[PDB]
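# Overview (structure and organization)
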2 protein chains.
Amino acid sequence: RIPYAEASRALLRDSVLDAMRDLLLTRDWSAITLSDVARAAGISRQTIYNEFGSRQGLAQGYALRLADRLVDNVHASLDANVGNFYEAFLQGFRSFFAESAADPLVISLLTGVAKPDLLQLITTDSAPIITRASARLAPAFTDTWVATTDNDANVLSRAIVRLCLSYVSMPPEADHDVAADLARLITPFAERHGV
Amino acid sequence: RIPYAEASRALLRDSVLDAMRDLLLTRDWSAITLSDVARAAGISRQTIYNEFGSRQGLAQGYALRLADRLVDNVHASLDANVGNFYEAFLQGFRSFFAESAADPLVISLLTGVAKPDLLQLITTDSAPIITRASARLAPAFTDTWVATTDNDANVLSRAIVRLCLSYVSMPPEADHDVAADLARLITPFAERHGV
Ligand SMILES: CCCCCCCCCCCCCCCC(=O)O
Ligand SMILES: CCCCCCCCCCCCCCCC(=O)O
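As a further point, take the overall build of chain A. A tally of helices and strands in chain A yields 11 helices and zero strands. Helices and strands appear in chain A in the N-to-C order α-α-α-α-α-α-α-α-α-α-α. Taken against the 2.2 N^0.38 rule, which gives 16 Å for 195 residues, the C-alpha radius of gyration of chain A at 18 Å falls within 12% of a compact globule. Dimensions of chain A, computed from the C-alpha atoms along their principal axes, are close to 55 × 45 × 30 Å. Across the 195 residues that make up chain A, the buried fraction comes to 48%. Within chain A, counting contacts between residues at least 6 apart in sequence, those at least 24 apart form 70% of the total. Accessible surface, chain A: about 9,400 Å² in total, of which carbon and sulfur atoms supply 53%. Taken as two groups, the 18 positive and 23 negative side-chain charges of chain A have centres that lie 6 Å from each other.

So, on to the interface of chain B and chain A. At the junction of the two partners, chain B supplies 32 residues and chain A supplies 35 residues. Carbon and sulfur atoms make up 64% of the area that chain B and chain A hide from each other, which totals about 3,100 Å². On the chain B side of the interface with chain A, the three residues burying the most area are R162(B), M170(B) and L185(B), jointly 24% of the side's total. The tally of links between chain B and chain A comes to six salt bridges. Ionic pairing is found between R192(A) and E191(B), a salt bridge with its closest N-O pair at 4.0 Å. Among the elements of the structure, α8 (118-121), α9 (127-142), α10 (150-168) and α11 (178-193) of chain B are those that each provide at least two residues to the side of chain B that touches chain A. Class assignment of the residues belonging to the side of chain B that touches chain A gives a composition of 16 nonpolar, eight polar and eight charged.

Tallied over the entire structure, the rule returns 31 salt bridges over all chains. A salt bridge links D72(A) to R136(A), with the shortest nitrogen-to-oxygen separation between them at 2.6 Å. With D72(A) in helix α4 (residues 55-72) and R136(A) in helix α9 (residues 127-142), this residue pair connects regions lying 64 residues apart in the sequence. By relative accessible area, which is 33% here, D72(A) ends up partly exposed. The class of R136(A) is partly exposed, set by a relative accessible area of 28%. A salt bridge links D181(A) to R158(B), with the shortest nitrogen-to-oxygen separation between them at 2.9 Å. Here the residue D181(A) occupies a position in helix α11 (residues 178-193), and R158(B) occupies one in helix α10, the pair thus bridging two chains. The class of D181(A) is buried, set by a relative accessible area of 15%. Looking at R158(B), the relative accessible area reads 18%, which means it is buried. Ionic contacts of the salt-bridge type, sharing partners, join the residues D14(B), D18(B), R21(B), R65(B) and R69(B) into one network.

Once that is clear, we can look at the site of ligand 2. Residues and elements named next belong to chain B. Around ligand 2, the structure places 13 residues, and the nearest of them are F89, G92, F93, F96 and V161. When isolated, ligand 2 has an accessible area of 570 Å², and the protein chains bury 96% of it. Listing elements by their share of the shell around ligand 2, those giving two or more residues are α6 (85-100), α9 and α10. Its residues assigned to classes, the shell around ligand 2 shows 12 nonpolar, one polar and no charged.

Let us now look at the UniProt feature "DNA-binding region" in chain A. Per the UniProt record, "DNA-binding region" is annotated on residues 33-52 of chain A. Along residues 33-52 of chain A one finds 75% helix and 0% strand; the C-alpha atoms at either end are 13 Å apart.

Once that is clear, we can look at the relation of the copies chain B and chain A. Mapping chain B onto chain A calls for a screw motion: a turn of 177 degrees about the axis and a shift of 0.1 Å along it, with 1.2 Å RMSD after fitting. On this basis, the relationship between the two copies can be described by a two-fold rotation axis.

Residues and elements named next belong to chain A. Every residue near ligand 1 is listed here: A67, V74, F89, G92, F93, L137, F141, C164 and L165. One of the backbone nitrogen or oxygen atoms of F93 is found 3.3 Å away from an oxygen atom of ligand 1. When ligand 1 sits alone it has 560 Å² of accessible area, and the protein chains cover 96% of it. Elements that contribute at least two residues to the shell around ligand 1 include exactly α6 (85-102), α9 and α10 (150-169). Sorting elements by how many residues they give to the shell around ligand 1 places α6 first, with three residues. Of the residues assigned to the shell around ligand 1, the class counts are eight nonpolar, one polar and no charged.

Trans peptide bonds make up most of the peptide bonds, and negative phi angles are found at most residues other than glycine. In this model, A114(A) sits at a positive phi of 50 degrees, which is unusual for a non-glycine residue. Looking at the secondary structure, you find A114(A) in the loop between α7 (104-110) and α8 (116-122).

Conventions adopted
- Residues numbered from 1 in each chain as written, not as in the entry; some residues may be left out.
- Chains lettered and ligands numbered in written order.
- Heavy atoms only, no water.
- Helix = DSSP H or I, 4+ residues; strand = E, 2+ residues; numbered from the N terminus.
- Rg over C-alpha atoms; globule rule 2.2 N^0.38 Å.
- Buried < 20%, exposed > 50% of the residue type's maximum accessible area, 1.4 Å probe, protein only.
- Contact = heavy atoms within 4.5 Å.
- Areas by Shrake-Rupley, 256 points an atom, 1.4 Å probe, with all protein chains shown as cover.
- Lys, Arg positive; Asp, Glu negative; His and termini not counted.
- Charge placed at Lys NZ, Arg CZ, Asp CG, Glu CD.
- Buried area = accessible area lost by both parts, 1.4 Å probe.
- Salt bridge = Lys/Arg side-chain N within 4 Å of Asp/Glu carboxyl O.
- Nonpolar A, V, L, I, M, F, W, Y, C, P; charged D, E, K, R; others polar.
- Near = heavy atom within 4 Å.
- UniProt positions renumbered as here; feature names shortened; annotations may be inferred.
- Least-squares fit on C-alpha atoms.
- Polar contact = N/O pair within 3.5 Å; in protein donor to acceptor, adjacent residues only side chain to side chain.

Laid out in structure tokens, this is it:
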């Protein structure tokens with residue numbers, strides 16, 4: 001199916017940002033390096049710098065790949081409850097709050113101490129994680145059993161990205177159940193705008 | 001009936017922040033102290049830090065104000081549009097954008113170098129900003145001509161403030177017009193759930 005470098009890169013890559021998901025799991029993202037990371041994945045320094053390019057590049061690199069994995073859990077519950085827009089979107093959001101919170105970088109941004117660059121990533125240059133997780137999300141609405149026309153379905157997903165990105169930094173309050181409001185908020189969007 | 005010492009501090013606050021709103025016109029929020037403003041605001045050092053106390057006390061403060069200058073042209077343009085939700089919601093939002101962008105503390109967030117302080121406020125530590133401007137905006141839909149069942153005003157509002165904060169924290173990446181698209185998503189909610 002796919003050539004050597006093509007599948008040998010994506011091995012290296014998922015092999016680091018797996019190592020990172022591992023170092024980060026007992027220690028905190030300020031306490032971790034290219035070097036501490038390289039060591040843990042069993043590569044050189046000079047390789048992570050070529051593949052990612054920096055400690056920054058790894059970081060965002062961590063993020064993007066998380067974004068992907070997160071918008072993809074959606075097709076899960078979309079297939080789960082078919083023909084029912086509320087119960088689909090309920091479980092889709094129930095999940096996304098479950099998952100995003102349990103991630104080591106999330107947890108290490110939230111409870112860990114005052115990271116400038118984690119912060120700079122979720123703000124000043126989010127151009128990548130946002131642009132990307134949008135077009136990736138959009139097809140859950142456009143291609144699948146939830147009819148949505150195309151431009152209506154960018155507008156929707158493009159907003160659902162910017163929300164989740166907010167609820168990641170600033171997590172829903174256990175007083176009231178957020179997944180639900182949000183479901184009830186987009187369903188009225190869903191039905192008007194399908195084909 | 002404003003118990004004296006009370007309405008005097010309220011007068012006190014707007015005294016300082018109107019100093020900085022004026023200060024950040026010639027400078028950027030990096031070059032401002034307490035004792036940087038307490039001078040052109042016309043008060044003593046010790047006195048100001050007794051009300052706020054941090055640079056990021058008086059910054060967090062300027063923020064809940066701007067939350068409110070901005071959450072309050074809602075009821076205003078919500079009612080200038082009576083009967084048509086999309087025109088209402090739109091024009092309401094268009095102001096919130098061309099306003100937000102005009103404020104000097106935000107022009108500090110944006111073109112100003114690197115404030116890892118500010119980015120703490122609009123994201124992880126945004127918790128009070130959102131939480132206030134949330135119920136503050138709630139009534140606009142409850143007590144106005146969009147007669148919105150009480151819960152659905154927060155289900156609406158908890159959402160419209162998060163999504164707004166996030167053009168401040170994370171600047172629009174492409175040129176598609178965001179007030180437009182934002183109007184678009186909540187309209188079909190309101191049509192069904194208004195009363
Ligand atoms: C540094 C932190 C990284 C955060 C990355 C977050 C990416 C957000 C993606 C949005 C996922 C949308 C899931 C909701 C699915 C549904 O409609 O039910
Ligand atoms: C530097 C920090 C600033 C923080 C700004 C917080 C903004 C909160 C926004 C609430 C305004 C909602 C606008 C509604 C308009 C409408 O529906 O017609």
